[PDB]
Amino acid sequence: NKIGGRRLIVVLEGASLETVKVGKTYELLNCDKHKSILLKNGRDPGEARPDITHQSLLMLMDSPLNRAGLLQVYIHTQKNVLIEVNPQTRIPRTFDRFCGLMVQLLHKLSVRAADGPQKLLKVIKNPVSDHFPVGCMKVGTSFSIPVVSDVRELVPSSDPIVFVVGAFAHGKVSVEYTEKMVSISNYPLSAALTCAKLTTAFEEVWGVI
């Protein structure tokens, strides 16, 4: 079995996705609309950047890696909500539509296809590490790592592997389950470009062209 159970698992860690009530209407928290409200636990609405997750998901789900069936995505929010993304999910290109979809997800706990019974988005049980397959390395990503890795040299020939990419406005990926941390550039990148780069490198090594 030279294919084995190979696939890339990306966790978007610290994603800024959460709902707030304004008047009678529920909206996705957003630092352009909601700087003047107050949050539980002293959290800062000025850091609410759901656009980072939107743009990262667009790159991940568009990727040839995804449409070849070699990608799985999870989202782990700053409120400790774990979301599984069905590989069939088309993320809306429109930011406002994306936000409405996330409000529905966080309220109902899943979103089903309108043309079938299949859940395309689902809130699942923490920790995300319980959902990884056996024989799987776990790698976190950070600009702060002083040596830069070539991503193609990190791709296993026949194993599944997890990469954790931060989806916060500011911070550093720091989770219990990673076995190492890598930098992939001497420049600080967007999460979305990081995702495009990871998928591109895996596509090359696994022969998705």
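Just count from 1 along the sequence shown to find any residue number.
Looking at the entry, does 184 to 192 or 19 to 27 show the higher mean C-alpha B-factor? For C-alpha atoms only, the mean B-factor is higher in 19 to 27.
Would you mind comparing 70 to 78 and 100 to 108 for me and telling me which has the higher average C-alpha temperature factor in the entry? Averaged over C-alpha atoms, the B-factors run higher in 100 to 108.
Looking at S63, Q55, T141, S157, which one carries the largest C-alpha B-factor according to the PDB entry? In this record, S157 carries the highest C-alpha B-factor of the candidates.
Split into thirds by Cα B-factor across the chain's modelled residues, where does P45 land: lowest, middle or highest? According to the entry, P45 has a C-alpha B-factor in the chain's middle third.
Position of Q118 among the chain's modelled residues by C-alpha B-factor, lowest, middle or highest third: Highest third - that is where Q118 ends up once the chain's C-alpha B-factors are sorted.
Just say lowest, middle or highest third for the CA B-factor of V128 relative to the other modelled residues in its chain. It falls in the middle third of the chain.
Going by the entry, which third of its chain does the Cα temperature factor of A169 land in? Its C-alpha B-factor belongs to the middle third of this chain's values.
Where does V85 sit by CA temperature factor within its chain: lowest, middle or highest third? As the PDB entry reports it, the C-alpha B-factor of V85 lands in the lowest third of its chain.
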